2 protein chains.
Amino acid sequence: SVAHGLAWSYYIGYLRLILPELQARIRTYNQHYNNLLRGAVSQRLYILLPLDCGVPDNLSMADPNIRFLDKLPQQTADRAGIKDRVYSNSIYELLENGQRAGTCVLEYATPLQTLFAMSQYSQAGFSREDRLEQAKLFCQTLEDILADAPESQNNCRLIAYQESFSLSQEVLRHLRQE
Amino acid sequence: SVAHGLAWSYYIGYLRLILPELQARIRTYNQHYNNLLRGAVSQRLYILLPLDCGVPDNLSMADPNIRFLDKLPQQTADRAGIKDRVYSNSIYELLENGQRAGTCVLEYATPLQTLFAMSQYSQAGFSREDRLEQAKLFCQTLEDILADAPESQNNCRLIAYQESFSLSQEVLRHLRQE
Ligand SMILES: COc1cc2sc(C(=O)CCC(=O)O)cc2cc1CCCc1cc2cc(C(=O)CCC(=O)O)sc2cc1OC
């Protein structure tokens, strides 16, 4: 299926390359002299899985209580002819009643953004019903992959949701479960 | 199909973001004071499409006549919560009888690398026959997408091949056709 291919390639081609290096990047950030007077950034990459495929590029636009804090130090790796291919990731503070309640590395799974966009292209022959069905399957397959890869599972958390809705409250429940 | 999803997401989620900015990056590189005594880097992104899905990370390993020259200046964009997500791309000199015959921006389509890798994971339930069939379909679908997007088509060239084989000679035929 479309979802099976996307979930496996997102895992092999992105998560499997960044998750073994994430812990050390977070620790480097947390131990840096410019960051010692702030709360520690939580371990793990928090992956947003909107089942409606509504993927904005700016997280603060989807919820004002999600405030951009900083970028992690970048990771580089030679990848398929791209020398020093750069992996950047962003740190966000989660606000509860105007107060900092948590800090974590957060992003959306970009194949959910491309699934939404595919349904809009006449040439793709991909309906809104296809988009909905494949987005759910993408999330299920990604869960199945990560469950059987404990090394990858311990360094990430999948945040699935349907869409007043509070995205910050959803991230905070996962952040507090730890 | 697996190939349909991967070709559309690679286009929407990568090529459509870098191809509108490539010309200006190449021109900036070609006009830079450190590069005026070298031959101009060709326009267009050259995408390697091995139909056998053999995707090495180092291009000089697949062919010694493909020599790394430099990285283009990076492009950054906010992407799905990743602030200043970095797009890096590499410039290679193509050697013919120990002599520089062409210079271009080159890389493999990374979904061909993930299709090869998928066939190796028991959990993916994806055979070597599936890998071969889907790799061909991925290449065909990517060609179909780019043909009907003239803005994207003028900034890239698809290099498909089956695998003594000379990868540099294959890139040079496309480079000289222009
Ligand atoms: C090889 O397959 C993938 C690689 C990646 S790398 C990646 C990210 O870096 C996440 C952030 C982003 O998409 O910009 C997501 C994916 C997803 C996939 C599977 C879906 C197709 C796809 C390809 C792709 C290729 C990309 C590259 O940057 C090329 C170099 C590389 O793959 O590292 S971004 C991208 C996004 C894609 O879908 C959203």
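First the proteins, then the strands, lettered A, B, ... as listed; each starts at 1. We use all heavy atoms of the structure for the numbers below, so side chains are in, but hydrogens, waters and symmetry mates are not.
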Would you say that B:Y46 contacts B:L175 through its side chain, given a criterion of any heavy-atom pair below 4.5 Å between the two side chains?
yes
Ignoring hydrogens and angles, tell me if any N or O in the side chain of A:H4 forms a donor-acceptor pair with the backbone of A:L137 under 3.5 Å.
no
So, A:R67 side chain and A:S60 main chain: donor-acceptor pair closer than 3.5 Å or not?
no
Flag side-chain contact, heavy atom, 4.5 Å: A:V2 against A:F138
no
If we ignore angles and hydrogens, is there a donor and acceptor under 3.5 Å between the side chains of A:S152 and A:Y11?
yes
Taking CZ in A:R100 as the centre, count heavy atoms belonging to other residues, nucleotides or ligands within less than 6.0 Å. Is the count above 12?
yes
Report yes or no: does A:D78 contribute a side-chain atom to a donor-acceptor pair with the main-chain N or O of B:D57 at less than 3.5 Å?
no
What about A:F116 and B:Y10, same hydrophobic cluster or not, with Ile/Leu/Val/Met/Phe/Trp/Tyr joined at side-chain heavy-atom distances under 4.5 Å?
no
Any donor-acceptor pair under 3.5 Å linking the side chain of B:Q75 with the backbone of B:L17?
yes
Is there side-chain contact between B:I145 and B:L15, with heavy atoms separated by less than 4.5 Å?
no
Keeping the roles fixed (side chain from B:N30, backbone from B:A40), state whether a donor-acceptor pair exists under 3.5 Å.
no
Is there a donor-acceptor contact under 3.5 Å from the side chain of B:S119 to the main chain of B:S127?
no
Distance-only donor-acceptor hits, side chain of residues 83-92 of chain A, under 3.5 Å, sequence neighbours excluded:
from: A:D84; atom 1: OD2; to: B:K71; atom 2: NZ; distance (Å): 2.9
from: A:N89; atom 1: OD1; to: A:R25; atom 2: NH1; distance (Å): 2.8
from: A:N89; atom 1: OD1; to: A:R25; atom 2: NH2; distance (Å): 2.9
from: A:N89; atom 1: ND2; to: A:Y14; atom 2: OH; distance (Å): 3.1
from: A:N89; atom 1: ND2; to: A:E107; atom 2: OE1; distance (Å): 2.8
from: A:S90; atom 1: OG; to: B:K83; atom 2: N; distance (Å): 2.9
from: A:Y92; atom 1: OH; to: B:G81; atom 2: O; distance (Å): 2.6

Residues pairing under salt bridge (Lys or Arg N to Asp or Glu O under 4.0 Å) where one sits in residues 135-164 of chain A, two or more places apart or in two chains, turn out to be A:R157-A:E178
Under 3.5 Å side-chain donor-acceptor pair for A:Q169 and A:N65:
no
Do B:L94 and B:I66 make a side-chain contact, defined as non-hydrogen atoms from C-beta onward lying under 4.5 Å apart?
yes
